[PDB]
K.L.:
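Below is a structure I'd like to ask you about.
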Amino acid sequence: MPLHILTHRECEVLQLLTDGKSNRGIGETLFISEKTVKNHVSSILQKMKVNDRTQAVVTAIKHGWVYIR
Amino acid sequence: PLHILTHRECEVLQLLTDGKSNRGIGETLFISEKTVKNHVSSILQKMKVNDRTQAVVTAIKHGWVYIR
């Protein structure tokens, strides 16, 4: 399950990243600061045991946790 | 516009979709990281995106690369 390992906010960040949004775009969409976006990304890399956004995103797509809009 | 990427740029893009680092890509393709970094920089320029994640997600969307 995604929610066994991620929060809902983290799932939303991952989907917004899969959509192609930047840290600025994600914060705009979620009304959070860019630093906070990076904090969510930092947590996602920890929980998924990957080293950057791209591995996390490609892994989320691979497991069906997010979709290509 | 797939025609604008070189085959080598496509290989780097596929290796990025696989999850390899610039060190892994340089290892796999027997090139230096500086050469890999330039290929990445070139791919973002030709694709008109700002970072690796947008390039990879855009290539997946259009079927240029596959999830191994």
Side-chain angles (χ1 to χ4, degrees), chain A residues 1-3 5-23 25-34 36-61 63-68, chain B residues 1-2 5-22 24-26 28 30-33 36 38-44 46-47 49-60 62-67:
Chain A
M1 310 314 274
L3 293 174
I5 97 158
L6 290 190
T7 69
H8 173 68
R9 177 59 106 215
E10 285 165 350
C11 286
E12 287 179 313
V13 163
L14 208 46
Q15 180 73 52
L16 286 174
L17 270 174
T18 304
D19 288 342
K21 285 229 149 214
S22 73
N23 282 359
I26 291 174
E28 290 182 10
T29 301
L30 303 177
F31 292 113
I32 60 181
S33 65
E34 218 182 57
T36 286
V37 169
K38 290 199 245 204
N39 295 157
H40 289 316
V41 173
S42 286
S43 180
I44 287 149
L45 307 195
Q46 286 196 309
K47 294 165 163 192
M48 290 183 76
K49 296 166 183 257
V50 304
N51 308 95
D52 68 312
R53 300 145 73 102
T54 303
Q55 300 169 292
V57 161
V58 160
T59 302
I61 295 168
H63 288 19
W65 298 353
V66 297
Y67 50 84
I68 302 247
Chain B
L2 180 50
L5 290 195
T6 68
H7 172 66
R8 180 58 98 203
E9 282 165 349
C10 288
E11 284 178 310
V12 165
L13 203 48
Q14 178 68 50
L15 290 175
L16 268 178
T17 304
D18 291 342
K20 284 230 151 214
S21 72
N22 286 2
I25 293 173
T28 300
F30 288 107
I31 60 178
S32 64
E33 272 196 28
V36 172
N38 296 157
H39 285 316
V40 172
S41 178
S42 177
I43 290 152
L44 309 195
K46 291 168 163 191
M47 286 182 73
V49 308
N50 306 93
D51 60 23
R52 292 144 65 103
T53 303
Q54 298 167 289
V56 162
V57 158
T58 301
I60 295 170
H62 291 130
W64 298 353
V65 297
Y66 47 78
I67 314 241

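These numbers come from the heavy atoms of this one structure, side chains and all, not from hydrogens, waters or symmetry mates. So that the names make sense, note that chain A is the first sequence line, chain B the second, and so on, each numbered from 1.
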K.L.:
Report yes if some heavy atom in the side chain of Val56(B) is under 4.5 Å from a heavy atom in the side chain of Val57(A); otherwise report no.
P.N.:
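No, too far: nothing below the 4.5 Å cut-off.
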K.L.:
Give, for atom CG of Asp19(A) and atom OG1 of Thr53(B), the distance between the pair rounded to the nearest 0.5 Å.
P.N.:
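If we round to the nearest 0.5 Å, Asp19(A):CG and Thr53(B):OG1 are 12.5 Å apart.
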K.L.:
Would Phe31(A) end up clustered with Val41(A) when hydrophobic side chains under 4.5 Å apart are linked, directly or stepwise?
P.N.:
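No: no chain of side-chain contacts under 4.5 Å links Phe31(A) to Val41(A).
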K.L.:
Under the side-chain contact (heavy atoms from CB on, under 4.5 Å) rule, what do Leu16(B) and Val58(A) come out as? Steps first, then yes or no, please.
P.N.:
CA-CA 9 Å; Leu16(B) 268 178; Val58(A) 160; over 6 Å; no
K.L.:
Once side-chain contact (heavy atoms from CB on, under 4.5 Å) is applied, do any residues pair with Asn51(A), and if so which ones, sequence neighbours excluded?
P.N.:
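With sequence neighbours excluded, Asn51(A) shows a side-chain contact (heavy atoms from CB on, under 4.5 Å) to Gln55(A), given in chain and number order.
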K.L.:
First locate atom CD1 of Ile67(B), then atom CD1 of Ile61(A), and finally report the distance between them rounded to the nearest 0.5 Å.
P.N.:
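Interatomic distance, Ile67(B) CD1 to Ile61(A) CD1, rounded to 0.5 Å: 5.0 Å.
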